[PDB]
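K.L.:
One structure, pasted below without further comment.
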Amino acid sequence: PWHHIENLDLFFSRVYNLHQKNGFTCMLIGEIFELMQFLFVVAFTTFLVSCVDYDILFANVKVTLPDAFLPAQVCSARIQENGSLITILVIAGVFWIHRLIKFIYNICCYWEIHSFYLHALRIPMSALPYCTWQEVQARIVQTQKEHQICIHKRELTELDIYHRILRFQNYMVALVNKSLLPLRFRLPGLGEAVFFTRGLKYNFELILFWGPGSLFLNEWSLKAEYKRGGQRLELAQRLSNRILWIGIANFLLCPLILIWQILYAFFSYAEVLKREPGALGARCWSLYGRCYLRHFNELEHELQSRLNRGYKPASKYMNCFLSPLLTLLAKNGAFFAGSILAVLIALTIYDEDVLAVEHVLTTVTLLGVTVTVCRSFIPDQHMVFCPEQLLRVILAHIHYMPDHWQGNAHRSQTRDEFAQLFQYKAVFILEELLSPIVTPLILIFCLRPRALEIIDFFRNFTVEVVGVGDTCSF
Amino acid sequence: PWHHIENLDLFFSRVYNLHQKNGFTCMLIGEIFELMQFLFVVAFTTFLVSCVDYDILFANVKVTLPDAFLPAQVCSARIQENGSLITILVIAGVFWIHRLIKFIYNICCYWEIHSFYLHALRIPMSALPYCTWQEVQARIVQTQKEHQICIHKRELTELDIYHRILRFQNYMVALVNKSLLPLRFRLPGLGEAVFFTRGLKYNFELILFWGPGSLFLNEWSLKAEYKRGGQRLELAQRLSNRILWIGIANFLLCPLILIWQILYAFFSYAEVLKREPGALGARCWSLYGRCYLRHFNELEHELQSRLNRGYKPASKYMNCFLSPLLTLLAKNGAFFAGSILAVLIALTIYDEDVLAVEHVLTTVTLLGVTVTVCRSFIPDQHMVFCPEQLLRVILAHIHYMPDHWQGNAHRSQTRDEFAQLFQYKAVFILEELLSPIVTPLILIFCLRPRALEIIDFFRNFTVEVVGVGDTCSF
Amino acid sequence: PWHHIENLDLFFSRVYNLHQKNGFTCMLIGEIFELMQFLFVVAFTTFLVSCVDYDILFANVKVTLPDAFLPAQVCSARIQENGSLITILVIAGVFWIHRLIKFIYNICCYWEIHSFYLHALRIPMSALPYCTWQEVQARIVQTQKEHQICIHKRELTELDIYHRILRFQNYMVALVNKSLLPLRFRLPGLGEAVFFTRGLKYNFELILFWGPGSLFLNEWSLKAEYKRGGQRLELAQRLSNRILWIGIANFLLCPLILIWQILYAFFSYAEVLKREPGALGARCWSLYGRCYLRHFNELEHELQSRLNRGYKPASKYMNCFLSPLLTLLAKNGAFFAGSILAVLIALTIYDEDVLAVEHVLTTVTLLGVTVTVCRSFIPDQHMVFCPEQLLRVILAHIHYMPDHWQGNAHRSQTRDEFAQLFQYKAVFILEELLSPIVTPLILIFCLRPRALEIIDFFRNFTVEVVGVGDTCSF
């Protein structure tokens, strides 16, 4: 049954994702909840926009919650009469319909992959969350005589699976580390800024890999016309028109994507700020650090493991960088604020009628917040300031660092250059919000003039591995 | 003075316990508070049952606490007229009287031991909490010519003290690790369940060691009739009647012991749930792990040290076992719950008259609890899932593990088999509550048919160390 | 320009302090805020004493904060009419005027030092917080031919800078470790007490080093009359009169210094008790541990580093010392208190009208505090009591320990002797409050009779390093 496939690339990617999804039911259940998140976001916002009145809620006998909710009939009439609301719902509906159809097709294709694990590999569906990818890899390669998926190539190789699954991610890796993508900016008042988000990466792969107008012929071979240097300018002009058109589509989609990014950050992170706002000060590896620190032919879990082992030294390293002025001001401000708040607390503690004076509680509240915030920049008085050993621990995991980091490991410039590989989480959120606005501008003015250079790139750094196809240079 | 003892076994146990009690006053003070805990439990429950009225408390001028308390005369009349309350108090009184008489006798016997530390060993009572058992051991054995406690045996030996103190605990160890005690069960809806509590261990030692009808003649020699195989069936029948009778006593005592176990768990753990309920999710070594992981000839502190060194790796190991479905549901539920709660919090934060709507606070409260509970099953996104090194650290301390744990260290079955050696604290509490109900059933139907096998056991695995007596096989 | 200095001692101290102050602006900004702290303390207390009325605050329409504040005119009239308040303000004004004049002079002298870093060393003012003292040390010593600050001595040496900056701190070190200063006391009800504060150290340096009547001629040479033993008694009598006079000045200043110490502890620590009172239970290295554990020729940062590396093992070591009686009482008290509080919480949880009974909340509140306090003396049940390895880790950093600590590392006496080198923070605060009262008594009765011994000391342990001057013996 596993002979007429013709799409071994997509097949191996699906074989890997089911292992990364911890079986079949979790993938199905995970996909359903993904679809449900969008629908819930849309429905709750729509319900909040139309049904609830907010008049009898602010009161302008105890009132129940169901009173503020309008009955179904009047809520439907206000939705279908907003005009400026139904036009967003229509677009948010067609994307989900496309997604749902794609999902149904993927289920019917992942069920076929399920049989291949069960039958060809003899690995039950209850042992997946306990089977490393290495175990799955040995049974696929050693039994390649039975299922005879690839008879065309003389044999199958471990390097082949890595190349087949990751034919386009290697291309993505080569573009960012050769500065062939517009991800460096100079800003007035900020200085150097690296703006690399998921929209640009999604757009790069859509411009270069996916679509009927991309550089790749079917799935695993870029069009032969891109292997001849006789029409570099003509191909560049054609690519420039393509790049220009994709940017126009992004500019058209700007308002919709902005609503989606805003809604996602709010529904996902606007509650952690209330309960534990220090979690958004905790740092995480940025998307550039995932493409700058990524080896060639390295799967998602092999890289995620390295970013996990180097997560605790990185928090310490970024936390040993203080500021003589910030530390001075924090020390002094905490003293002054706490010295006033202590008197206030004593007058409050003795007789509590002071709590009825107008601006006593707010002053105490803001000062408690002020003391706690200011006392958070004051380090532990007996810490071992060792910001030189911290880089050793980090480099032992992520494996990549600019050459001007080893000696001067403690300057304020090295921290500001490391903070771009290891960014705040709050900063991460903020540039996910700005991605749908800046991404089109980046593609039209910065990437379009490079449309020639890319054409040279794809022409000079693409080799042809026999039996595999057109792959990216290491 | 230390020549006419005739009970060197009990003497050495008392010598050890005073060191484990950190001197003499602490033992006296500890015993008094132990007696006082029972009396307080009984008295407070009795006072709550009879004196307080709960009528003028629920209000059916500010009211004081002493108003709800009835005067002594009317409270005494209601106690001595309850009938169904005085019959429990009588039993709770006679046990304490027995305990108090035993305590007074033990004090007069521990005072004699106090003189032996002070005079024979020349160790002051202010240096006990700072003297290891090794220091006490060297001065006892090296000065065995002066106090001449044991002249019968040619000399005294360190192995002898371990054997003399622990003649019955070794027997307890051999029964659990040879599955000679009924502590394995199959339950519909739960599967495998190991139910081993203090009542069974107390009952085992009462059936086998203590009492005038046990297997041991005086204190340190089982009756010679149990060394002849000519009457195995007859001895088994006699033992079966004994086992049957002990079970009947337990069945009779079931309601009383149940009240004691319920009261003890409530008074000891029902407040930690309110303040810090995560402490009852913290795991602890179960009573079977104390008998399965216990070496032979190992005192209480030597084992407690090993269970201490292996406590932190064990919490990590049991905490690295997740569930693809539980983690998926938690992630998704937290998002949905937090997404609703964030909107609620914003409407609450803007104008607080929303706080007067009926079901807004309860929804917020349950959802905050829901988010916090659900967000507690979501691991740290950058943790080093290394559940294989954790078993190495644990095995280096407790020294005992089933053979099918080394290879498959990460299956869901190994965790469910390790959770029986290292059980939850909440689970520990729950099976202490169920011990007085299930313990009689275990003894009558499961241990009684084994009454023959035990007779064989005690006949084949009991050696006679010269000068020491009848000991258990290692 | 760096030739006519004549005060190389003060110059090198200033060169070091600017590095310890992380540049020039931070020193200027730090000094200004230091001056501002005193002024704010005085002004706020004065404003609180005179302006606010506390009559319309305790209420004896919602009332604003500005109503309680008296207008400027009536507040000025009450200040300048208090009599017993203006006499304190005058003294608190003249000290600050002296301080401000000294500060202005130091700025004009540190600006000259700023040019020496910028020009002679070619080290910009933006690289100071990132330059170790070693980098500053190499450029000073290797370029000693250009600025020719010291041509008198043949060359400059690293030992010379250490000696020049720290000519008086070495003297302070030799007096405390030879028990030549009155810092040991026997108290009824407390026993041994080591009372060494900043006032005594400040007074010691004022009696011995600073002033026109001290032992040192100009700055770096004690008067030659103190190098001849022919007038030991006469010099001792003169020194005794000096010591007596300094003590009289301290006794006169007792009330003022007491107000300053009280105010400083309150404004600095009286708020941490409210928010996080466990931070004042955290220990810190006492002032005697800074003079007992200090090497010879060791700068402030080299010692602070050692006190930082040995801070975490020291907290563990002092936290592994329990008390059999304290642990027993805590266990039992927590059980009893929690057993009552659990019943109270259940009655409170079922129906909340119980919250209106008078003494229910206070009982719950005090018992919650009681449980939390008592449950703070109860250690973790599975901790590795290893108070012997902890001393190894500590001694590896502070380098100094009494000889009767190595063997008996766990007695209650070693802890009570280590607690004097590593004292509580709350204890530290308390003896800073008592320093202005006890310091004069210590100098008059204990140090005055020693006035002879000191004269012998300064005569026998002062060597003359050529080119450097009169230094202290190592």
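Quick note: numbers on chain B are straight from Swiss-Prot, i.e. 36-95, 108-521, in order.
A Cβ is built for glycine as well, from the same backbone N, Cα and C atoms used for every other residue.
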K.L.:
Of the ranges B:129-154, B:155-180, which one does Swiss-Prot list as transmembrane segment?
P.N.:
B:129-154
K.L.:
Does the record in Swiss-Prot have B:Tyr339 and B:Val401 facing the same side of the membrane?
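P.N.:
B:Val401 and B:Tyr339, as annotated in Swiss-Prot, occupy opposite sides of the membrane (different topological domains).
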K.L.:
Which of these ranges is annotated intramembrane segment in Swiss-Prot: B:430-438, B:484-492?
P.N.:
B:484-492
K.L.:
With Swiss-Prot as the source, which of B:247-257, B:291-301 is set down as intramembrane segment?
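P.N.:
Checking Swiss-Prot against the ranges B:247-257, B:291-301, the intramembrane segment one is B:291-301.
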K.L.:
Could you tell me how far apart, in whole Å, the Cα atoms of B:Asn95 and B:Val108 are, given that 12 residues between them are missing from the model?
P.N.:
15
K.L.:
Under 8 Å between C-beta atoms and at least six residues away from its ends: which parts of the chain pack against the transmembrane segment (B:372-397)?
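P.N.:
Long-range Cβ neighbours of the transmembrane segment (B:372-397): 407, 410-411, 414-415, 417-418, 421-422, 424-426.
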K.L.:
Counting by DSSP secondary structure, give me helix, strand and coil numbers for the topological domain 'Lumenal' (B:398-406).
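P.N.:
With helix first, then strand, then coil, the topological domain 'Lumenal' (B:398-406) has 5 helix, 0 strand, 4 coil.
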K.L.:
Residues sitting near the topological domain 'Cytoplasmic' (B:302-319): Cβ under 8 Å, six or more positions beyond its termini, same chain?
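P.N.:
Long-range Cβ neighbours of the topological domain 'Cytoplasmic' (B:302-319): 76, 80, 135, 138, 246, 326-327, 476, 479-480, 482-484.
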K.L.:
When secondary structure is assigned with DSSP, how many helix, strand and coil residues does the topological domain 'Cytoplasmic' (B:155-290) contain?
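P.N.:
Here the numbers are 73 helix, 8 strand, 55 coil.
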